[PDB]
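Participant: As a preliminary step, the opening chains of the complex are given here in situ:
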Amino acid sequence: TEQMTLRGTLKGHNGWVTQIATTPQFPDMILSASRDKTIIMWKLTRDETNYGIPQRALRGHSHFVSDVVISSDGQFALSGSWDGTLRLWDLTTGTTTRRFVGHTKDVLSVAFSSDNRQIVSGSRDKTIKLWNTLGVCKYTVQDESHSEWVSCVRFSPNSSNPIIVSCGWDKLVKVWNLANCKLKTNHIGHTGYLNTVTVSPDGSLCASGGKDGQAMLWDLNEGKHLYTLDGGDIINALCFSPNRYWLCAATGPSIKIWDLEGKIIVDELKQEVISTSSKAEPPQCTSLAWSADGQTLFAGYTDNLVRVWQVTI
């Protein structure tokens, strides 16, 4: 039966792992961000003595790098940072193409479109904003926006239509359609602020979570509240699987991998159980991302490590 083994663990950070992402073009790369103010591009050897080595280290920020995302070609990479700026990397030696100037506060969330021509940003400005790849502002959203910090935005894969998700700490999830830039809907739910949201690879769903730590499911186009599940104390990051209908929820002491059909927990990932006391005996898990193979998944922790796992039958 499909179950999990502890694969290995990476090392090479002085700051807490904030995000991880992986391009399906090169699954032999993997990319990471951290509060050591650098994004590290790795070189994955599949030896079990290690599991990878840092290849290069991209440098140049004056505050944390919150979120990071790959290009659809894997030849570019983009970052959002708490210095209020973004950078557009050339992941071959270094040498930033462009830095995006204009925010008054942190840039928390960021995402990179499928056509590689639209780039969004969530900010503690309380503004979602759109960005040309030339590094200028196609649009700015300041009407019908969140009344609190913007937690996470997403581009939605679709048949062709433009839809983007937005969720803030005002305990609401707003869906936006481009070329009118209007509220498609407002979804109400979750007591306490929202941390994260993520969209299905098919794109008709929004799995949302927050302080509540409950996983509520919404319909993108039907606009209906499907159901709610108790996901534990707090869920900081979510990521669907590419080759299954699972959903992997990142809670503090454990990662909870959920089968969706039927609705049940498959397993709970436990890491090293080393004796420590008392407020967070293991480090909290904060980010996670699947590989495109779907065999292996990765995790971000606050001990500066990325723990690897692998599915075993």
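Facilitator: That came in fine, so what should we check first? Residues are numbered from 1 along each chain as shown, chains lettered A, B, ... in the order given.
Participant: how many neighbours does the closest residue to residue A:124 other than its chain neighbours have?
Facilitator: Leaving aside its chain neighbours, residue A:124 sits nearest to residue A:105 (4.2 Å; criterion: CB to CB, 6 or more residues apart in numbering). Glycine gets a C-beta too; all of them are placed from N, C-alpha and C. By the criterion of other CB atoms under 10 Å, residue A:105 has 13 neighbours.
Participant: repeat for residue A:171
Facilitator: For residue A:171, the count of nearby residues is 19 (other CB under 10 Å).
Participant: Look at the residue nearest to residue A:124 and give its secondary structure.
Facilitator: Three-state assignment for residue A:105 (DSSP: H, G, I helix; E, B strand; the rest coil): coil.
Participant: residues in contact with it?
Facilitator: For residue A:105, the contact set (CB atoms under 8 Å, 6 or more residues apart in numbering) comprises A:84, A:123, A:124, A:125.
Participant: same question, residue A:117
Facilitator: Neighbour list for residue A:117: A:132, A:133 [criterion: CB under 8 Å, 6+ apart].
Participant: ditto for residue A:142
Facilitator: Contact analysis of residue A:142 by CB under 8 Å, 6+ apart lists residue A:127.
Participant: now do residue A:11
Facilitator: A:304, A:305.
Participant: go again using 7 Å as the cut-off
Facilitator: Residue A:11 sits next to residue A:305 when contact means CB atoms under 7 Å, 6 or more residues apart in numbering.
Participant: Put this one in as chain B:
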Amino acid sequence: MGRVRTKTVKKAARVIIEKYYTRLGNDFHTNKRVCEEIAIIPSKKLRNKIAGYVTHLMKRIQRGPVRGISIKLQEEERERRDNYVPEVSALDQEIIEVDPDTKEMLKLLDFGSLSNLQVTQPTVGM
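Facilitator: Take a look at chain B, now in place beside the chains above:
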């Protein structure tokens, strides 16, 4: 060394946790930025202090109840302890009997049921 926190910190730290309990994390940096938005602290160094004490309080509030300030969920569990305890619903176990010299009082007050007799020895400490 030294650097014992003053009262100006401890006064506002309690207040800021009471009315913005939800916004708090347990990280330094997140709790800083919240205090920056829900209030203005007119210095920068002062801000870095009030955050750190707000953090240090929030550690203890996730254990038993603090005696300097109140939150809602503690007053919930207060009410839950103070309306029924699981120990009894019976009064007290319904039948309790008593020894003589109490029976003599009850004899002269028209009661004559549910008693035992033991006539325990003399005397105090003896």
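Participant: and the neighbour count of residue A:171, now that chain B is in?
Facilitator: As a burial measure, residue A:171 scores 20 neighbours (other CB atoms under 10 Å in any protein chain shown).
Participant: can you count the residues close to residue A:303?
Facilitator: Using other CB under 10 Å: residue A:303 sits among 15 other residues.
Participant: Give me the neighbour count for the residue nearest to it when sequence neighbours are not counted.
Facilitator: Nearest residue to residue A:303 in three dimensions, chain neighbours excluded: residue A:283, at 4.2 Å (CB to CB, 6 or more residues apart in numbering or on different chains). For residue A:283, the count of nearby residues is 20 (other CB under 10 Å).
Participant: wait, residue A:283 sits on residue A:302?
Facilitator: Yes: the criterion here is CB atoms under 7 Å, and residue A:283 meets it with residue A:302 at 4.4 Å.
Participant: dump the residue contacts of the residue nearest to residue A:303.
Facilitator: Shown in contact with residue A:283 (CB atoms under 7 Å, 6 or more residues apart in numbering or on different chains): A:301, A:302, A:303.
Participant: what does residue A:43 give?
Facilitator: Going by CB under 7 Å, 6+ apart, the list of residues near residue A:43 reads A:52, A:53, A:55.
Participant: residues in chain A within reach of chain B, list them.
Facilitator: A:192, A:279 (CB under 7 Å from any CB of the partner chain).
Participant: What are the boundaries of the helices in chain A?
Facilitator: Under the criterion DSSP state H, chain A carries no helices.
Participant: residue farthest from the centroid of it?
Facilitator: What lies farthest from the middle of chain A is residue A:275; by CA atoms, centre = their mean that is 30.2 Å.
Participant: let's put RNA strand C on the structure above:
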RNA sequence: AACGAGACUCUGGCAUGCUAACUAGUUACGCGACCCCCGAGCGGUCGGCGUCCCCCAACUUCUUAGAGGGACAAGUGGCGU
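Facilitator: Placing RNA strand C onto the earlier chains gives this:
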């Protein structure tokens, strides 16, 4: 509850992040000139030495001074009611 203490102001220590500079520099050539073969080669060229030449060159690391960020007993282990 108030004054003093602290808070505050100035100064030092951390920026290959931000802002911009022939009354500040660096780098790059374009160089042409001088110099010694001093090294491969021949003296040229390539390399080395500074100065003049420097631009309608490129940049702001160094220098300059402004806006910002950073340190909080923050994290861990002991100890303390």
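Participant: now that RNA strand C has been added, could you go back to the contacts of residue A:117?
Facilitator: By CB under 7 Å, 6+ apart, the contact list for residue A:117 reads residue A:133.
Participant: Next one: it from residue A:72, what distance?
Facilitator: 11 Å (CB to CB, to the nearest Å).
Participant: again with residue A:176
Facilitator: From residue A:176 across to residue A:72, the span is 21 Å (CB to CB).
Participant: same question, residue A:133
Facilitator: Distance of residue A:133 to residue A:72, given as CB to CB: 12 Å.
Participant: Stretch A:214-234: end-to-end distance?
Facilitator: Using CA to CA, to the nearest Å, one end of stretch A:214-234 lies 8 Å from the other.
Participant: Contacts for it next, please.
Facilitator: Identification of contacts with stretch A:214-234 by CB under 7 Å, 6+ apart yields A:156, A:163, A:173, A:175, A:185, A:187, A:189-190, A:203-209, A:211, A:213, A:235, A:249, A:251-252, A:256, A:263.
Participant: Show me which residues of chain A are close to RNA strand C?
Facilitator: Applying CB under 7 Å from any atom of the strand, we find that chain A lies next to RNA strand C at A:59-63, A:83, A:85, A:99, A:101, A:276-277, A:279-280.
Participant: Excluding chain neighbours, what is closest to residue 28?
Facilitator: You didn't say which chain, so I picked chain A. Spatial nearest neighbour of residue A:28, excluding adjacent residues (CB to CB, 6+ apart): residue A:44 at 5.4 Å.
Participant: wrong one, chain B
Facilitator: Distance criterion CB to CB, 6+ apart; nearest residue to residue B:28, sequence neighbours excluded, is residue B:55 at 5.7 Å.
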